[PDB]
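These notes concern the structure reproduced below.
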Amino acid sequence: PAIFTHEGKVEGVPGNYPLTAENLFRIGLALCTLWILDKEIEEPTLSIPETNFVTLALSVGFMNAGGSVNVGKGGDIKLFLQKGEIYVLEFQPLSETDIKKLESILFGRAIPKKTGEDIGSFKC
Amino acid sequence: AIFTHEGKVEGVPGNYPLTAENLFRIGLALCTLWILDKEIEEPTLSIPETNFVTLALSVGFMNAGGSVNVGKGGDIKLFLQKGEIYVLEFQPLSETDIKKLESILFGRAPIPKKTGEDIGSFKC
């Protein structure tokens, strides 16, 4: 993988690539899209461990594609976060093929978005 | 155009001016205005609830160094009316403030962003 490790991890300094607001927004959009198109979960759910710039930028993208987000209450996808100077995000469950599919969407030229009430929700 | 004559931002969530990117930029601009124009070093934005629109704005506000909370107080408060067309209002934002926001939102150069530990926090 290019930015994801084989373990489904992404590392960076908050605010700098690959953790810019735009990058994270696209990662969220891509993750939700992967679940909708490849796993047939029309309204995917993402569980984040806490609320900060990194997890919320991701959440915004995930919600824009139709997925809902919650803090610490399970879901189809779970995010683990190790903080510090360099953050390490860990997404589960992701096979190496899932990651390849995810990055194909992320780096592809072709991502569909929902609008209005079709956009996902967020629960603290 | 982003702001109406009444100084509000309206649209369909997800679509301009309520795209994730534009809301992010409005948040970035709001925080930047408070630091540079109002000389408030650590601006605080208060949002009414957590949804796509308010969180996209929050991510931008944090990226400029400001902090955000849900329901509590702050230097700037967001008022949101929902429906087919969402309507956003900021307080105590004046028409003069709006002109300044537009000057940098439509400026020739990008709005500066903070990174790492300089990015603000979020409190549910």
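Quick note: the coordinates plus some simple rules give every number you see, no bench work behind them. Here the Cβ positions follow ideal geometry from the backbone for every residue, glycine too, while neighbour counts run over all protein chains shown.
Things to note:
- Out of A:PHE25, A:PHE62, A:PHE91, one residue alone is within 20 Å of A:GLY108 (Cβ to Cβ) and part of a strand (DSSP E or B). It is A:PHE91.
- Residues that are touching an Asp or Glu at 6+ places or on another chain (Cβ under 8 Å) and either buried (at least 22 other Cβ atoms within 10 Å of the Cβ) or assigned to a strand (DSSP E or B) (or both) do not occur anywhere in region A:101-118.
- Note on region B:102-124: residues that are within 14 Å of chain A (Cβ to nearest Cβ) and either under 30 Å from A:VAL71 (Cβ atoms) or under 15 Å from the mean Cα position of the chain (by Cα) (or both) amount to 14.
- Taking (1) surrounded by 14 or more Cβ atoms within 10 Å (Cβ to Cβ); (2) over 23 Å from B:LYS82 (Cβ atoms); (3) more than 14 Å from chain B (Cβ to nearest Cβ) in turn, A:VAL54 satisfies each apart from (3).
- Residues of region A:28-59 that turn out to be within 9 Å of the chain's Cα centre (by Cα) and not in a helix (DSSP H, G or I), as a count: 1
- Among residues of region A:69-89 being surrounded by 18 or more Cβ atoms within 10 Å (Cβ to Cβ) and within 11 Å of the chain's Cα centre (by Cα), the one that is farthest from the other protein chains (Cβ to nearest Cβ) is A:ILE77.
- Within region B:65-88, the set of residues being in a loop (DSSP other than H, G, I, E, B) and on the phi < 0 side of the Ramachandran plot comprises B:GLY66, B:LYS72, B:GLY73, B:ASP75, B:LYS82, B:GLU84, B:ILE85.
- When B:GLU39, B:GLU10 are checked against the criterion of being more than 9 Å from chain A (Cβ to nearest Cβ), of a type outside the set (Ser, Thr, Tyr) and on the phi > 0 side of the Ramachandran plot, a single residue qualifies: B:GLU39.
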